[PDB]
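The sequence shown begins at 1 in PDB author numbering and counts up one residue at a time.
Contents: one structure, followed by commentary.
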Amino acid sequence: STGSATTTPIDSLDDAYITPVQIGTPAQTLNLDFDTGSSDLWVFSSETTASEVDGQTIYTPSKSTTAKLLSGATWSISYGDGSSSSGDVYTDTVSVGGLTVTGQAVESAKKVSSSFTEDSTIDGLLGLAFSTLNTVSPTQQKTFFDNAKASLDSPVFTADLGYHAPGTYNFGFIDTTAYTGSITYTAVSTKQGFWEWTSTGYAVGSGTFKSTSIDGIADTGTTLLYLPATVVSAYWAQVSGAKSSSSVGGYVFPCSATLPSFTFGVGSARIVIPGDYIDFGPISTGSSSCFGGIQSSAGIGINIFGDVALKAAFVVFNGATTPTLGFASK
Ligand SMILES: [Br-]
């Protein structure tokens with residue numbers, strides 16, 4: 001089997017991407033944030049504290065003939081940005097782009113933090129990291145991808161995120177029309193439960209490539225590119241007026257600037273992030289100070305190849321027995 005679903009930016013800054021997902025019988029379609037940095041499929045629901053729902057579409061398990069309470073199971077998750085959610089668990093039929101999994105754990109939110117409430121466009125998350133990170137207790141549950149894997153034509157999914165445009169998540173096949181040149185594959189460590197890999201270095205603009213190992217995670221659920229302070233300093237040093245602002249929470253730069261591209265290495269291959277992708281616009285409405293899309297990972301504990309990086313590539317998440325990651329230009 002295979003599946004193919006369009007993913008769409010939630011706003012004009014590509015802050016996140018939503019993908020329609022069918023849950024239950026008859027189908028309830030919710031727009032979920034596919035997150036290769038976590039491993040819970042959770043949704044706003046008929047159980048979510050009413051004051052914490054503001055425009056989201058909710059899953060109502062009592063209206064699904066295939067929903068079953070997973071007795072005794074609860075979940076609770078905290079994300080890198082400090083947001084969180086928790087609740088109880090149903091199993092139900094879940095379909096993405098024509099690919100159907102029966103008995104998928106669908107984690108129903110009883111509580112969500114303010115950042116989720118305030119984002120009316122995101123009805124929940126669909127985790128695509130390794131199932132070892134799943135938070136369901138006392139019996140950990142499998143991700144949609146892990147459940148689907150045995151049925152897939154090939155044990156892979158691909159992320160093709162757009163810059164200010166729709167893109168695609170495919171399951172079970174590699175669309176050879178969706179990228180240019182070749183796909184370069186690189187080793188993955190699952191020791192931390194993430195799609196963790198090592199970039200071979202970077203360049204700033206038309207500068208020379210610096211060969212250096214940068215361990216990080218491929219994370220579709222993170223907006224920006226978070227890299228070591230040395231790398232980030234080298235980038236912003238090429239932008240007149242750029243500075244790190246503790247009051248704003250990162251690098252800012254004059255909105256009048258032209259930003260250089262940023263290149264990252266994948267083996268001997270190179271992925272180029274255009275400068276435009278790195279401009280996240282005014283720090284506040286009407287400001288002439290703009291927020292950078294490359295930020296230091298120093299306060300995080302891990303480097304993160306978020307959407308800023310991933311949307312410059314066609315990315316293969318290979319979930320074979322020995323997992324790997326593939327990157328191609330597009
Ligand atoms: Br390769």
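Each residue gets a CB set at the ideal place from its N, CA and C atoms; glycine is no exception.
query	result
Below 7 Å CB to CB, which residues in the same chain sit around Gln238 once its five sequence neighbours on both sides are set aside?	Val204, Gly205 and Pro260
For ligand 1, is there any heavy atom lying closer than 6 Å to the beta carbon of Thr230?	no
Can you list, in chain order, the residues of its chain whose CB lies under 6 Å from that of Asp153, leaving out five sequence neighbours each side?	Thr2, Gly172 and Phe173
Alpha carbon to alpha carbon, what distance is there between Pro274 and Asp307?	13 Å
Is the CB-CB distance between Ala178 and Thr220 below 7 Å?	no
Assuming contact is defined by CB atoms lying nearer than 7 Å, are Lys142 and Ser131 in contact in what I supplied?	yes
Hey, would you say the C-beta of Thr29 is under 6 Å away from at least one heavy atom of ligand 1?	no
Can you look up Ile122 in the DSSP assignment and give me helix, strand or coil?	coil
Span of the alpha helix (DSSP H) holding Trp236?	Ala229 to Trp236
Going by DSSP, what residue range makes up the alpha helix (DSSP H) through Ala148?	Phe144 to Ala148
Kindly give me the distance between the Cβ atoms of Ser83 and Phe116, rounded to whole angstroms, as I take these residues to be in contact under 8 Å.	6 Å
Taking the alpha carbon of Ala242 as the point to measure from, which residue in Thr212, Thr208 and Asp279 has its own alpha carbon closest?	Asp279
Determine the burial state of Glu107: buried for a count of at least 16 other Cβ atoms within 10 Å of its Cβ, exposed for fewer.	buried
Among all residues, which have a Cβ less than 6 Å from at least one non-hydrogen atom of ligand 1, and in what chain order do they fall?	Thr184 and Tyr185
Specify, as a first and last residue, the run of the beta strand (DSSP E) that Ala269 falls within.	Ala269 to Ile273
How long is the line joining the alpha carbons of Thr212 and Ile271, rounded to whole angstroms?	15 Å
Report, in whole angstroms, the separation of the C-beta atoms of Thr135 and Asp40, which I expect to be a contact under 8 Å.	6 Å
Does the segment 290-310 come into contact with the segment 227-234, if we say contact requires no fewer than three beta-carbon pairs (one atom in each stretch) closer than 8 Å?	yes
Which same chain residues, not among the five before or five after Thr29, have their C-beta less than 6 Å away from its C-beta?	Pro20 and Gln22
Using 8 Å for Cβ pairs, my map puts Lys149 next to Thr49. What's the rounded Cβ distance?	With 8 Å as the limit, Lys149 and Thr49 do not qualify as a contact, their Cβ atoms being about 34 Å apart.
Just verifying my parser: in three-state terms, what is the DSSP assignment at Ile214?	strand
Quick one, which of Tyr169, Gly207 and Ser189 has its alpha-carbon nearest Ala313's?	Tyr169
For a test of the three-state rule: what should DSSP assign to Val136, helix, strand or coil?	coil
Spell out the partners DSSP gives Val21 in its beta bridges.	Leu30
Helix, strand or coil, according to DSSP, for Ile278 in the structure here?	helix
What does the alpha-carbon distance come out to for the pair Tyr251 and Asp276?	15 Å
What is the rounded straight-line gap between the Cα of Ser287 and the Cα of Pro254?	9 Å
Whole angstroms are fine: how far does the CA of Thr25 sit from the CA of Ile217?	35 Å
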